[PDB]
């Protein structure tokens, strides 16, 4: 057996400038930085959607959420009955199931957000082990949330928020006793040791909910950030530091079990930081949920000592959609018949420092209340529509903050990129669920999605009097 172990370390709402290797000056991430410095830092890494549910759907299915009907978040406490189909389609085979069928020991830890009904459960979607929670977020201290859950259960509360539900281990009570970031790190260590004892390659999907709200941190970690005056930034920094501590213990475990050299560690965020709740996306414009770069360009590194050189910087754009074909290629796994994928097996490009998306697009489209936000990048160029304002064209390599609209200078390039992006939307399916009552009314009237209006150009800038 020479196939590598694969560890995905996925943070939740981690800001672009909030790890040291991607520019942080106030948040300390020495363990993540050491891995990044000993592998490949991706300076133009994108997720397939600027917020969690659709982004995580894309990671595990390998498809844009607009093709699977999962481009809106599931609501909190979404239906746990199979009959309601509130989850990613079961026919869309996850890479975990592909790796499991190829003989990998598979483990999911932390946040799911891909369906709370039994047919959507991690154990039915290719994970031998699951430890975590099914919804979109969770309170961080068991001594707090277990007391709240128990009191509200006894009081007969019918609206108990899923943020205080007991976590689970393979459908049984987890009985967590630690700050849950530490608990997730503990379970990752355990599953690494299980794989080593089995002498089986592992795939671990470690989906920390940190630094997603609520901003809750251990006093021991907060103490290391007294140099930060803003309380939210200080708490957020401590939350990221807790992840870094866990990564350090995971690395030590990989070394002890002699799995370190032939493990591919992939670290990223599921979307941009929310700059209302502690995050910093510098030098990108915008925030979680935007199609500015700040919404869906994320930190990422690959660390794999057997193959990936130290101190590498990979500057060509890549997508979290690339993880599915890259991982199944490394696992020598056969895809299910008819499986469709929107990403690329990029490992050879990473090893050769070549451009996987040369002359091809990486996209985002985010549904708003009556219009769509869009981003589309090819090479050095990006088109952006935000707030239904006029279309922008940016040289994103020379103008990473999207400050200088070049649409008037290069109209032909703008319209070529518009045409390809519009063609992409012709492949979309209807959402299986929307998020608000407003959404439902808009889709039912045809006011959404109205892709045709999204790709208007001239009428947004022309005067009716000239």
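Positions refer to the first chain, counted from 1.
So which stretch wins on mean C-alpha B-factor, 146 to 154 or 260 to 268?
-> Stretch with the greater average CA B-factor: 146 to 154.
Would you tell me which stretch averages the higher CA B-factor in the PDB entry, 317 to 325 or 330 to 338?
-> According to the PDB entry, the answer is 330 to 338.
Top residue by Cα temperature factor, when 215, 226, 393, 109 are compared in the entry | The record points to 226.
Among 430, 403, 49, 63, where is the Cα temperature factor highest, going by the PDB entry?
-> Within the set 430, 403, 49, 63, 430 shows the top C-alpha B-factor.
Using the B-factor values recorded in the entry, state whether the Cα atom of residue 182 falls in the lowest, middle or highest third among the modelled residues of its chain.
-> For residue 182, whose C-alpha B-factor we compare with every modelled residue in the chain, the answer is the middle third.
By its CA B factor, does residue 39 count among the lowest, middle or highest third of the modelled residues in the chain?
-> Its C-alpha B-factor, which the entry lists for residue 39, ranks in the middle third among residues of this chain.
Based on the entry's values, in what third of the chain does the Cα temperature factor of residue 287 lie: lowest, middle or highest?
-> Ranked within chain, residue 287 CA B lands in the lowest tercile.
Lowest, middle or highest third - CA B-factor, residue 344 | As the PDB entry reports it, the C-alpha B-factor of residue 344 lands in the middle third of its chain.
Please place residue 436 in the lowest, middle or highest third of its chain by C-alpha B factor as given in the entry.
-> Middle third.
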